[PDB]
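Student: To be precise about what I am sending: the file is called data_10.pdb and holds PDB, C-alpha atoms and all ligand atoms.
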ATOM      1  CA  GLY A 106     -31.524  22.893  39.275  1.00  0.00           C
ATOM      2  CA  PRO A 107     -28.242  24.650  40.169  1.00  0.00           C
ATOM      3  CA  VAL A 108     -25.417  24.988  37.634  1.00  0.00           C
ATOM      4  CA  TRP A 109     -22.064  26.740  37.569  1.00  0.00           C
ATOM      5  CA  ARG A 110     -22.550  30.200  36.018  1.00  0.00           C
ATOM      6  CA  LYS A 111     -18.990  30.598  34.859  1.00  0.00           C
ATOM      7  CA  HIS A 112     -16.729  28.672  32.512  1.00  0.00           C
ATOM      8  CA  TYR A 113     -13.427  28.440  34.439  1.00  0.00           C
ATOM      9  CA  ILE A 114     -13.781  25.977  37.324  1.00  0.00           C
ATOM     10  CA  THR A 115     -11.144  25.013  39.863  1.00  0.00           C
ATOM     11  CA  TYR A 116     -10.609  21.841  41.787  1.00  0.00           C
ATOM     12  CA  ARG A 117      -8.286  20.827  44.617  1.00  0.00           C
ATOM     13  CA  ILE A 118      -7.341  17.410  45.962  1.00  0.00           C
ATOM     14  CA  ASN A 119      -7.608  17.960  49.677  1.00  0.00           C
ATOM     15  CA  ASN A 120      -5.861  14.778  50.708  1.00  0.00           C
ATOM     16  CA  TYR A 121      -4.656  11.613  49.118  1.00  0.00           C
ATOM     17  CA  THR A 122      -5.725   8.043  49.576  1.00  0.00           C
ATOM     18  CA  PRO A 123      -2.849   5.723  50.696  1.00  0.00           C
ATOM     19  CA  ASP A 124      -4.355   3.098  48.401  1.00  0.00           C
ATOM     20  CA  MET A 125      -2.714   4.638  45.310  1.00  0.00           C
ATOM     21  CA  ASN A 126       0.381   6.371  44.104  1.00  0.00           C
ATOM     22  CA  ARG A 127      -0.044  10.154  44.436  1.00  0.00           C
ATOM     23  CA  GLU A 128       0.508  10.743  40.712  1.00  0.00           C
ATOM     24  CA  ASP A 129      -2.160   8.167  39.880  1.00  0.00           C
ATOM     25  CA  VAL A 130      -4.729   9.974  42.057  1.00  0.00           C
ATOM     26  CA  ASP A 131      -3.867  13.213  40.295  1.00  0.00           C
ATOM     27  CA  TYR A 132      -4.186  11.579  36.865  1.00  0.00           C
ATOM     28  CA  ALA A 133      -7.455   9.776  37.592  1.00  0.00           C
ATOM     29  CA  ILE A 134      -9.091  12.982  38.794  1.00  0.00           C
ATOM     30  CA  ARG A 135      -7.678  15.044  35.910  1.00  0.00           C
ATOM     31  CA  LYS A 136      -8.912  12.522  33.363  1.00  0.00           C
ATOM     32  CA  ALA A 137     -12.364  12.430  34.993  1.00  0.00           C
ATOM     33  CA  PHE A 138     -12.664  16.227  34.651  1.00  0.00           C
ATOM     34  CA  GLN A 139     -11.560  15.924  31.001  1.00  0.00           C
ATOM     35  CA  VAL A 140     -14.505  13.595  30.292  1.00  0.00           C
ATOM     36  CA  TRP A 141     -16.838  16.468  31.120  1.00  0.00           C
ATOM     37  CA  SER A 142     -14.796  19.320  29.608  1.00  0.00           C
ATOM     38  CA  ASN A 143     -14.885  17.313  26.356  1.00  0.00           C
ATOM     39  CA  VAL A 144     -18.669  17.793  26.142  1.00  0.00           C
ATOM     40  CA  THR A 145     -19.187  21.241  27.653  1.00  0.00           C
ATOM     41  CA  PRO A 146     -17.646  24.718  27.462  1.00  0.00           C
ATOM     42  CA  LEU A 147     -16.113  24.231  30.892  1.00  0.00           C
ATOM     43  CA  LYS A 148     -12.405  24.412  31.667  1.00  0.00           C
ATOM     44  CA  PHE A 149     -11.016  22.785  34.817  1.00  0.00           C
ATOM     45  CA  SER A 150      -7.809  23.720  36.612  1.00  0.00           C
ATOM     46  CA  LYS A 151      -6.169  22.109  39.608  1.00  0.00           C
ATOM     47  CA  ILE A 152      -5.063  24.428  42.413  1.00  0.00           C
ATOM     48  CA  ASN A 153      -2.998  23.549  45.442  1.00  0.00           C
ATOM     49  CA  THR A 154      -3.775  26.388  47.890  1.00  0.00           C
ATOM     50  CA  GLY A 155      -6.850  28.389  48.748  1.00  0.00           C
ATOM     51  CA  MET A 156     -10.508  27.632  48.056  1.00  0.00           C
ATOM     52  CA  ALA A 157     -11.421  25.692  44.944  1.00  0.00           C
ATOM     53  CA  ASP A 158     -14.894  25.327  43.481  1.00  0.00           C
ATOM     54  CA  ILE A 159     -14.713  21.526  43.699  1.00  0.00           C
ATOM     55  CA  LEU A 160     -12.857  20.059  46.667  1.00  0.00           C
ATOM     56  CA  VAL A 161     -11.960  16.373  46.253  1.00  0.00           C
ATOM     57  CA  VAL A 162     -11.745  14.661  49.641  1.00  0.00           C
ATOM     58  CA  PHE A 163     -11.010  11.110  50.830  1.00  0.00           C
ATOM     59  CA  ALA A 164     -12.729  10.475  54.154  1.00  0.00           C
ATOM     60  CA  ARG A 165     -14.316   7.698  56.176  1.00  0.00           C
ATOM     61  CA  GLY A 166     -17.404   7.359  58.346  1.00  0.00           C
ATOM     62  CA  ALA A 167     -18.838  10.574  59.735  1.00  0.00           C
ATOM     63  CA  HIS A 168     -16.928  13.315  58.019  1.00  0.00           C
ATOM     64  CA  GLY A 169     -18.930  16.471  58.493  1.00  0.00           C
ATOM     65  CA  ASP A 170     -22.091  16.138  56.381  1.00  0.00           C
ATOM     66  CA  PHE A 171     -25.427  14.252  56.276  1.00  0.00           C
ATOM     67  CA  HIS A 172     -23.928  11.601  54.019  1.00  0.00           C
ATOM     68  CA  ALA A 173     -21.838   9.558  56.396  1.00  0.00           C
ATOM     69  CA  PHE A 174     -19.933   6.765  54.800  1.00  0.00           C
ATOM     70  CA  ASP A 175     -20.605   3.171  55.692  1.00  0.00           C
ATOM     71  CA  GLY A 176     -17.343   1.278  55.690  1.00  0.00           C
ATOM     72  CA  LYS A 177     -16.226  -0.953  52.845  1.00  0.00           C
ATOM     73  CA  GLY A 178     -18.854  -1.503  50.200  1.00  0.00           C
ATOM     74  CA  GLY A 179     -22.232   0.107  49.853  1.00  0.00           C
ATOM     75  CA  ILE A 180     -21.704   3.765  49.184  1.00  0.00           C
ATOM     76  CA  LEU A 181     -18.459   4.542  47.444  1.00  0.00           C
ATOM     77  CA  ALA A 182     -18.572   8.327  47.049  1.00  0.00           C
ATOM     78  CA  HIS A 183     -21.004  11.224  47.023  1.00  0.00           C
ATOM     79  CA  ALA A 184     -20.901  14.775  45.698  1.00  0.00           C
ATOM     80  CA  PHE A 185     -22.786  18.037  46.078  1.00  0.00           C
ATOM     81  CA  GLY A 186     -24.327  20.022  43.261  1.00  0.00           C
ATOM     82  CA  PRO A 187     -23.065  23.463  42.252  1.00  0.00           C
ATOM     83  CA  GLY A 188     -23.063  26.157  44.873  1.00  0.00           C
ATOM     84  CA  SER A 189     -20.856  27.964  47.348  1.00  0.00           C
ATOM     85  CA  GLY A 190     -18.928  26.290  50.134  1.00  0.00           C
ATOM     86  CA  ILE A 191     -19.547  22.547  50.173  1.00  0.00           C
ATOM     87  CA  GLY A 192     -21.357  22.947  46.837  1.00  0.00           C
ATOM     88  CA  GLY A 193     -19.526  21.063  44.118  1.00  0.00           C
ATOM     89  CA  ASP A 194     -17.413  19.033  46.502  1.00  0.00           C
ATOM     90  CA  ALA A 195     -16.758  15.351  45.826  1.00  0.00           C
ATOM     91  CA  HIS A 196     -16.092  12.908  48.671  1.00  0.00           C
ATOM     92  CA  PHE A 197     -14.654   9.421  48.267  1.00  0.00           C
ATOM     93  CA  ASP A 198     -14.995   6.765  51.008  1.00  0.00           C
ATOM     94  CA  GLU A 199     -11.514   5.818  52.218  1.00  0.00           C
ATOM     95  CA  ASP A 200     -12.881   2.495  53.439  1.00  0.00           C
ATOM     96  CA  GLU A 201     -12.915   1.457  49.779  1.00  0.00           C
ATOM     97  CA  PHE A 202      -9.707   0.276  48.082  1.00  0.00           C
ATOM     98  CA  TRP A 203      -9.126   2.723  45.249  1.00  0.00           C
ATOM     99  CA  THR A 204      -7.227   1.694  42.149  1.00  0.00           C
ATOM    100  CA  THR A 205      -6.223   2.475  38.573  1.00  0.00           C
ATOM    101  CA  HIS A 206      -7.533  -0.833  37.272  1.00  0.00           C
ATOM    102  CA  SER A 207     -10.296  -3.454  37.679  1.00  0.00           C
ATOM    103  CA  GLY A 208      -9.281  -4.428  41.197  1.00  0.00           C
ATOM    104  CA  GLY A 209     -10.876  -2.693  44.131  1.00  0.00           C
ATOM    105  CA  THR A 210     -12.912   0.358  43.065  1.00  0.00           C
ATOM    106  CA  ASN A 211     -11.636   2.317  40.094  1.00  0.00           C
ATOM    107  CA  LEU A 212     -11.084   5.927  41.112  1.00  0.00           C
ATOM    108  CA  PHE A 213     -11.414   7.405  37.602  1.00  0.00           C
ATOM    109  CA  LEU A 214     -14.772   5.780  36.930  1.00  0.00           C
ATOM    110  CA  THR A 215     -16.115   6.780  40.333  1.00  0.00           C
ATOM    111  CA  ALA A 216     -14.855  10.342  39.883  1.00  0.00           C
ATOM    112  CA  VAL A 217     -16.560  10.688  36.490  1.00  0.00           C
ATOM    113  CA  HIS A 218     -19.874   9.925  38.210  1.00  0.00           C
ATOM    114  CA  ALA A 219     -19.155  12.151  41.229  1.00  0.00           C
ATOM    115  CA  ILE A 220     -18.103  15.095  39.089  1.00  0.00           C
ATOM    116  CA  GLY A 221     -21.309  14.692  37.113  1.00  0.00           C
ATOM    117  CA  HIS A 222     -23.101  15.534  40.353  1.00  0.00           C
ATOM    118  CA  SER A 223     -20.596  18.351  41.076  1.00  0.00           C
ATOM    119  CA  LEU A 224     -21.703  19.882  37.734  1.00  0.00           C
ATOM    120  CA  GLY A 225     -25.432  19.502  38.488  1.00  0.00           C
ATOM    121  CA  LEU A 226     -26.503  16.123  37.198  1.00  0.00           C
ATOM    122  CA  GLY A 227     -28.824  13.777  39.048  1.00  0.00           C
ATOM    123  CA  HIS A 228     -29.147  10.046  38.698  1.00  0.00           C
ATOM    124  CA  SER A 229     -30.216   8.148  35.621  1.00  0.00           C
ATOM    125  CA  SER A 230     -32.481   5.080  35.668  1.00  0.00           C
ATOM    126  CA  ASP A 231     -30.657   3.691  32.614  1.00  0.00           C
ATOM    127  CA  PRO A 232     -28.110   1.016  33.617  1.00  0.00           C
ATOM    128  CA  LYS A 233     -25.987   2.054  30.574  1.00  0.00           C
ATOM    129  CA  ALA A 234     -25.535   5.638  31.842  1.00  0.00           C
ATOM    130  CA  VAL A 235     -22.539   6.804  33.893  1.00  0.00           C
ATOM    131  CA  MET A 236     -25.042   8.557  36.204  1.00  0.00           C
ATOM    132  CA  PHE A 237     -26.748   5.231  37.044  1.00  0.00           C
ATOM    133  CA  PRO A 238     -26.290   4.811  40.823  1.00  0.00           C
ATOM    134  CA  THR A 239     -24.494   1.453  40.796  1.00  0.00           C
ATOM    135  CA  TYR A 240     -20.773   1.224  40.036  1.00  0.00           C
ATOM    136  CA  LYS A 241     -19.822  -0.833  36.979  1.00  0.00           C
ATOM    137  CA  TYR A 242     -16.190  -1.452  36.038  1.00  0.00           C
ATOM    138  CA  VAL A 243     -15.474  -0.895  32.369  1.00  0.00           C
ATOM    139  CA  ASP A 244     -11.986  -0.640  30.925  1.00  0.00           C
ATOM    140  CA  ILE A 245     -10.594   2.555  29.398  1.00  0.00           C
ATOM    141  CA  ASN A 246     -11.141   0.870  26.134  1.00  0.00           C
ATOM    142  CA  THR A 247     -14.902   0.683  26.446  1.00  0.00           C
ATOM    143  CA  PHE A 248     -15.613   3.635  28.726  1.00  0.00           C
ATOM    144  CA  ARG A 249     -17.709   6.480  27.311  1.00  0.00           C
ATOM    145  CA  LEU A 250     -20.534   8.745  28.364  1.00  0.00           C
ATOM    146  CA  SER A 251     -23.935   7.361  27.253  1.00  0.00           C
ATOM    147  CA  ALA A 252     -26.551   9.294  25.244  1.00  0.00           C
ATOM    148  CA  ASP A 253     -28.480   9.808  28.438  1.00  0.00           C
ATOM    149  CA  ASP A 254     -25.411  11.407  30.103  1.00  0.00           C
ATOM    150  CA  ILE A 255     -24.635  13.593  27.103  1.00  0.00           C
ATOM    151  CA  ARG A 256     -28.222  14.863  26.877  1.00  0.00           C
ATOM    152  CA  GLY A 257     -28.160  15.454  30.606  1.00  0.00           C
ATOM    153  CA  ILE A 258     -24.999  17.551  30.582  1.00  0.00           C
ATOM    154  CA  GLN A 259     -25.783  19.517  27.431  1.00  0.00           C
ATOM    155  CA  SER A 260     -29.216  20.388  28.966  1.00  0.00           C
ATOM    156  CA  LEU A 261     -27.196  22.184  31.657  1.00  0.00           C
ATOM    157  CA  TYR A 262     -24.249  23.561  29.658  1.00  0.00           C
ATOM    158  CA  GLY A 263     -23.321  24.413  26.103  1.00  0.00           C
TER     159      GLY A 263
HETATM  160 CA    CA B   1     -17.152  23.841  46.810  1.00  0.00          CA
HETATM  161 CA    CA B   2     -18.554   2.630  51.654  1.00  0.00          CA
HETATM  162 CA    CA B   3      -8.743   2.909  51.256  1.00  0.00          CA
HETATM  163 ZN    ZN B   4     -19.269  13.780  52.420  1.00  0.00          ZN
HETATM  164 ZN    ZN B   5     -24.500   9.310  42.359  1.00  0.00          ZN
END
What do you get writing this file as structure tokens?
Tutor:
Amino acid sequence: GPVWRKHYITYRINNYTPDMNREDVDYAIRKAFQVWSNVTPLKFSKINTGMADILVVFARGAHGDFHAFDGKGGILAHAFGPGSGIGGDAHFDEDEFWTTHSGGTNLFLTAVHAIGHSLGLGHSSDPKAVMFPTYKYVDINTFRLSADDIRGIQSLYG
């Protein structure tokens, strides 16, 4: 389905979770975009004003779409495929406790998955894939895209 038809993509962090230090939110999101720029021709840039392609939002409960969040647990985040307006945007449930580590829900790992959707990927049935729909903590020692994820993204880009 839909893909970005340009190589320079922008993102903006709409608001910041109080669960984390501001700089750690910025870094987690930046690093998550890097995972995907490493395996595609895409370039990602953070902007702080105006309309970005991919808006990163922390929100809880009903927050303006059909994908209302459900309090702590269950659904952690959701994202829209490429397109105008809400297309591309990535939403993170503030009722989770976001972190840089194994405690709570790791923001970086969740953002890698969400951004996969923001770039046009669907879910994988392979539990080893980052696009599998259940969160799995892995350290940034073992984390890597799986073959399934790589094939998926290169079938869309590059
Ligand atoms: Ca958008
Ligand atoms: Ca939730
Ligand atoms: Ca929170
Ligand atoms: Zn949403
Ligand atoms: Zn998903």
Student: Please list as a ChimeraX atom specification every residue within 10 Å of stretch 165-175 of chain A, counting all atoms listed in the file and excluding residues in the same chain fewer than 5 positions away.
Tutor: /A:180-184,191,196-201
Student: Just how far from atom CA of residue A:235 is atom CA of residue A:159, in Å to one decimal?
Tutor: 19.3 Å
Student: Could you tell me which of A:250, A:164, A:152, A:108 comes closest to residue A:214 if we count only C-alpha atoms?
Tutor: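 Of A:250, A:164, A:152, A:108, the one nearest residue A:214 is A:250, counting only C-alpha atoms.
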Student: Could you give me, as a ChimeraX atom specification, the residues within 9 Å of residue A:258, counting only C-alpha atoms and dropping anything in the same chain fewer than 6 positions from it?
Tutor: /A:141,144-145,221,224-226
Student: Distance table requested - chain A against ligand ZN 5 (chain B), cut-off 7 Å, all atoms listed in the file: one row per qualifying residue with the closest atom pair and its distance in Å to one decimal, ordered by chain and rising residue number, as a tab-separated table.
Tutor:
residue	atom	partner	partner_atom	distance
A:183	CA	B:ZN5	ZN	6.1
A:218	CA	B:ZN5	ZN	6.2
A:219	CA	B:ZN5	ZN	6.2
A:222	CA	B:ZN5	ZN	6.7
A:228	CA	B:ZN5	ZN	6.0
A:236	CA	B:ZN5	ZN	6.2
A:238	CA	B:ZN5	ZN	5.1
Student: What is the distance between atom CA of residue A:154 and atom CA of residue A:117, in Å to one decimal?
Tutor: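 Spanning atom CA of residue A:154 to atom CA of residue A:117 is a straight-line distance of 7.9 Å.
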Student: Dump as JSON lines the rows for residues of chain A within 7 Å of ligand CA 1 (chain B): closest atom pair and distance in Å with one decimal, only C-alpha atoms and all ligand atoms counted, ordered by chain and rising residue number.
Tutor:
{"residue": "A:157", "atom": "CA", "partner": "B:CA1", "partner_atom": "CA", "distance": 6.3}
{"residue": "A:158", "atom": "CA", "partner": "B:CA1", "partner_atom": "CA", "distance": 4.3}
{"residue": "A:159", "atom": "CA", "partner": "B:CA1", "partner_atom": "CA", "distance": 4.6}
{"residue": "A:160", "atom": "CA", "partner": "B:CA1", "partner_atom": "CA", "distance": 5.7}
{"residue": "A:188", "atom": "CA", "partner": "B:CA1", "partner_atom": "CA", "distance": 6.6}
{"residue": "A:189", "atom": "CA", "partner": "B:CA1", "partner_atom": "CA", "distance": 5.6}
{"residue": "A:190", "atom": "CA", "partner": "B:CA1", "partner_atom": "CA", "distance": 4.5}
{"residue": "A:191", "atom": "CA", "partner": "B:CA1", "partner_atom": "CA", "distance": 4.3}
{"residue": "A:192", "atom": "CA", "partner": "B:CA1", "partner_atom": "CA", "distance": 4.3}
{"residue": "A:193", "atom": "CA", "partner": "B:CA1", "partner_atom": "CA", "distance": 4.5}
{"residue": "A:194", "atom": "CA", "partner": "B:CA1", "partner_atom": "CA", "distance": 4.8}
